[PDB]
There are 2 protein chains.
Amino acid sequence: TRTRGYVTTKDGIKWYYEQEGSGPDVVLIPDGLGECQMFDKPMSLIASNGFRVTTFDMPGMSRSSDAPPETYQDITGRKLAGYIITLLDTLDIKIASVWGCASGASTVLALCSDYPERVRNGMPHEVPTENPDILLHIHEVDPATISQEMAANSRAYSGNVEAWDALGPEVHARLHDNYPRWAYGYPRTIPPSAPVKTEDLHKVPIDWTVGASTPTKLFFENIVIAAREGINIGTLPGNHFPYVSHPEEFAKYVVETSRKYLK
Amino acid sequence: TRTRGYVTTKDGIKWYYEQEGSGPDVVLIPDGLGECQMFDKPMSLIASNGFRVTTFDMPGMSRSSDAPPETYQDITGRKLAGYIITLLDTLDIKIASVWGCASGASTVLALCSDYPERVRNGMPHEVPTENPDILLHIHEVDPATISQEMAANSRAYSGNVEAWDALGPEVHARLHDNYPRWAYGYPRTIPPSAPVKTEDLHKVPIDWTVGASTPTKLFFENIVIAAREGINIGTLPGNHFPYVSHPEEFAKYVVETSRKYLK
Ligand SMILES: C[C@H]1CCCC(=O)CCC/C=C/c2cc(O)cc(O)c2C(=O)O1
Ligand SMILES: C[C@H]1CCCC(=O)CCC/C=C/c2cc(O)cc(O)c2C(=O)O1
């Protein structure tokens with residue numbers, strides 16, 4: 001029993017969102033591809049443990065594509081956080097345990113830094129601080145090329161190609177269109193704006209993760225930052241999409257981690 | 001010119017060792033396989049930069065096989081350090097910049113902890129603190145099976161299969177015999193004895209590394225420990241054998257790092 005619906009916020013974004021369960025709030029912010037169907041399985045699992053779980057397609061992406069161009073251009077964690085806060089307000093969510101990978105992780109940190117009152121606890125996964133070589137010129141090519149290149153890269157970082165493929169043609173068709181939009185608005189601006197400064201990290205509890213199979217160099221700096229700052233740091237099975245590759249393990253982490261901070 | 005030969009120390013180890021160059025000492029400790037031909041290329045490079053480089057096959061391994069059984073059983077970093085110290089004494093090496101991967105890294109740390117007076121600076125790479133699942137039962141199967149599995153594992157962790165293969169038939173034939181001996185004496189005892197406590201890490205300069213391409217989880221703890229302790233930590237290209245996969249880059253690292261500490 002999950003709500004699937006739409007809401008147009010004051011910033012003009014026509015959001016597609018989902019919600020399941022009752023209890024303390026948990027918010028699942030997608031990665032840069034902004035496709036919330038990736039959370040379908042773990043959403044129910046988390047919800048079944050006594051939480052109200054909310055997810056949504058990101059601005060300009062997938063079902064939330066009816067949004068103003070600025071909401072998906074020159075993107076930063078802080079920009080996204082603003083939009084999300086507006087969304088939470090309309091959804092009547094006061095405080096939540098928040099998860100997010102990549103740009104979603106950047107968003108989580110922005111939320112913890114600038115909107116601590118709304119965050120129980122934050123769960124960032126693979127915060128981009130330095131892009132790998134595959135993305136260096138992605139914004140410079142045409143859409144068709146972007147979709148071809150990015151569909152491959154994503155599959156390669158999937159952590160489980162079988163599960164990835166298993167998302168289905170509808171999802172993959174949505175992703176096809178998301179790729180160029182993500183490329184033009186995310187990779188150049190997300191990393192330099194990473195909210196990983198000292199003052200961004202200590203207002204609320206944070207449990208940070210990197211993929212177990214992810215090549216060490218990719219998110220190496222996340223590890224060092226966390227360790228030096230005294231922030232809980234660890235790994236999760238898979239790579240960049242633990243929610244897709246390892247839904248069960250992912251759900252257990254969210255539940256167990258969020259549960260620690262409940263009163 | 002490169003010198004190659006044997007020396008029998010007072011602990012009964014008939015060591016196979018090589019040296020090249022003149023200047024401050026650099027010691028290259030092998031990984032668990034104990035095969036020093038792996039350093040051949042970088043050794044020349046390092047030596048050409050004004051250092052006297054020394055390397056050797058490890059006790060019981062390859063050409064250093066004529067050694068007491070005790071020297072290749074229940075191995076720990078401290079145990080290896082003792083043997084190395086005896087060797088350095090015989091070779092009249094008073095102080096050196098020391099490199100080591102895996103069990104070699106454990107040895108480096110042991111040297112930094114217990115024999116700081118002989119270490120100018122330590123360069124540990126991928127210190128085992130927790131074995132991956134592939135090693136869980138390695139000590140329990142037939143020698144042929146060990147050799148087969150470890151040959152595969154090693155190639156998989158090589159960071160460059162072509163360069164790995166290109167070590168040559170002589171080297172691989174030696175490795176084949178080393179695998180079972182390594183299995184019985186190293187993986188069970190090396191990790192628990194890792195000299196990674198606070199008390200082991202501050203006596204002499206340390207520059208710690210992990211492979212860029214190595215799956216994050218494998219040596220994740222190395223990074224956290226180093227960061228927590230205020231020790232220089234970074235990556236090197238490749239995986240578990242940077243000296244084989246990326247000899248130029250490896251040589252550069254050793255030279256630059258060691259040069260920081262000369263006076
Ligand atoms: C698209 C997704 C998987 C895309 C597959 C892929 O190329 C993974 C590279 C790891 C970096 C991702 C990333 C980098 C940025 O600068 C900005 C981002 O929004 C992302 C990001 O969202 O990762
Ligand atoms: C044999 C070498 C290349 C062996 C290739 C391999 O399986 C790499 C797994 C990473 C672990 C290495 C390791 C673990 C130990 O407990 C003791 C060790 O001596 C090693 C070690 O020396 O790694």
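Lettering of chains follows the sequences in order, A, B, ..., and the numbering in each one begins at 1. Any value given below was found using the heavy atoms of this structure, including those in side chains, with hydrogens, waters and symmetry copies removed.
The aromatic rings of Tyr253(B) and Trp99(B) sit perpendicular, their planes meeting at an angle over 60°, well past the 30° parallel limit. A perpendicular orientation is assigned to the rings of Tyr157(B) and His240(B), their planes being inclined by more than 60° (bins at 30° and 60°).
In this structure a side-chain-to-backbone donor-acceptor pair under 3.5 Å is present from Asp57(B) to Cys36(B). Distance alone, capped at 3.5 Å, is enough to place a donor-acceptor pair between the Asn49(B) side chain and the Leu45(B) backbone. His172(B) places no side-chain N or O within 3.5 Å of a backbone atom of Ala166(B) that could act as its donor or acceptor partner. Although no hydrogens or angles enter the test, the distance criterion places a donor-acceptor pair under 3.5 Å between the side chain of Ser193(A) and the main chain of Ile190(A). A donor-acceptor contact shorter than 3.5 Å is absent between the side chain of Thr214(B) and the backbone of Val210(B). Distance alone, capped at 3.5 Å, is enough to place a donor-acceptor pair between the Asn160(A) side chain and the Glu162(A) backbone. The backbone N or O of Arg63(B) sits nowhere less than 3.5 Å from a side-chain atom of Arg174(B) that would complete a donor-acceptor pair. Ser158(B) contributes no side-chain N or O that, together with a main-chain N or O of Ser154(B), makes up a donor-acceptor pair within less than 3.5 Å. Counting only distance, with no hydrogens or angles, the side chain of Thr257(A) and the backbone of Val254(A) share no donor-acceptor pair below 3.5 Å. Under the 3.5 Å distance criterion, the side-chain polar atoms of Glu126(B) are matched with a main-chain donor or acceptor of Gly211(B).
Put simply, the side chain of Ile85(B) reaches to within 4.5 Å of the side chain of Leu111(B), judged on heavy atoms. Between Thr8(B) and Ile13(B), the closest side-chain pair of non-hydrogen atoms is not below 4.5 Å. A heavy-atom distance below 4.5 Å is not found between the side chains of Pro215(A) and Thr216(B). Side-chain contact between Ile206(B) and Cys112(B): present, with at least one pair of heavy atoms (C-beta onward) separated by less than 4.5 Å.
Atom CZ of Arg188(A) is separated from atom CG of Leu135(A) by 12.0 Å, given to the nearest 0.5 angstrom. Taking CE from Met43(B) and CE from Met38(B), the interatomic distance works out to 15.5 Å, rounded to the nearest 0.5 Å. Atom CE of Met61(B) is separated from atom OH of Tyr179(B) by 11.0 Å, given to the nearest 0.5 angstrom. The NE2 atom of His176(B) sits 10.5 Å away from the CD1 atom of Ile146(B) when rounded to the nearest 0.5 Å. In this structure, the separation between NE2 on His202(B) and CD1 on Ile231(B) is 5.5 Å, given to the nearest 0.5 Å. Going from atom CG of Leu175(B) over to atom CH2 of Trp182(B) covers 12.5 Å, rounded to the nearest 0.5 Å.
In summary, the side chains of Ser62(B) and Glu35(B) do present a donor paired with an acceptor at a separation below 3.5 Å, with no hydrogens or angles considered. Counted by atom type alone, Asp207(A) and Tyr261(A) present one or more donor-acceptor pairs between their side chains at under 3.5 Å. Looking at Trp208(A) and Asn222(A), their side chains do bring a donor and an acceptor atom within 3.5 Å of each other. A donor atom on one side chain and an acceptor atom on the other are not found under 3.5 Å apart for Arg52(B) and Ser22(B). A donor-acceptor pair shorter than 3.5 Å can be found between the side chains of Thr54(B) and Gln19(B). Judged purely by distance below 3.5 Å, without hydrogens or angles, the side chains of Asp11(B) and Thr9(B) pair a donor atom with an acceptor atom.
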Working for side chain to side chain donor-acceptor pair (under 3.5 Å), residues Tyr16(B) and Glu18(B): CA-CA 7 Å; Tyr16(B) 171 82; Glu18(B) 311 184 349; 2.6 Å; yes
Would you check, one step at a time, whether the test salt bridge (charged side-chain N to carboxylate O under 4.0 Å, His left out) holds for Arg118(B) with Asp89(B)? CA-CA 10 Å; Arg118(B) 310 295 291 269; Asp89(B) 284 349; 2.8 Å; yes
Please report the C-alpha distance between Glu20(B) and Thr3(B) in whole Å, then the side-chain angles of each, then the deciding distance to 0.1 Å, and finally whether the side chain to side chain donor-acceptor pair (under 3.5 Å) criterion is met. CA-CA 6 Å; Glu20(B) 183 178 2; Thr3(B) 47; over 6 Å; no
Carefully, step by step, assess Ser113(B) and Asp200(B) under the rule side chain to side chain donor-acceptor pair (under 3.5 Å). CA-CA 4 Å; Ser113(B) 181; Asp200(B) 302 312; 2.7 Å; yes
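Of all heavy-atom pairs spanning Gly234(A) and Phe220(B), the tightest one is CA-CZ, 3.6 Å. Closest non-hydrogen pair, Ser245(B) versus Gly238(B), comes out as OG-CA, 4.0 Å. The heavy-atom pair separating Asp31(B) from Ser103(B) by the smallest distance is C-OG, 3.7 Å. When every heavy atom of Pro237(A) is checked against every heavy atom of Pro242(A), the shortest pair comes out as O-CB, 3.8 Å.
A salt bridge links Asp40(B) to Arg2(B): one of the charged nitrogens lies within less than 4.0 Å of a carboxylate oxygen. Comment: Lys79(B) does not engage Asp74(B) in a salt bridge, judged by the lack of any side-chain N to carboxylate O separation of less than 4.0 angstrom. At a threshold of 4.0 Å, the pair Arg155(B)-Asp165(B) counts as salt-bridged, since one of the basic side-chain nitrogens sits closer than that to a carboxylate oxygen. One finds a salt bridge joining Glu256(B) and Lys252(B) here, because a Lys/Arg side-chain nitrogen approaches an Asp/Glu carboxylate oxygen to under 4.0 Å.
Separation of the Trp15(B) and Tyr6(B) ring centroids does not fall under the 6.0 Å cut-off.
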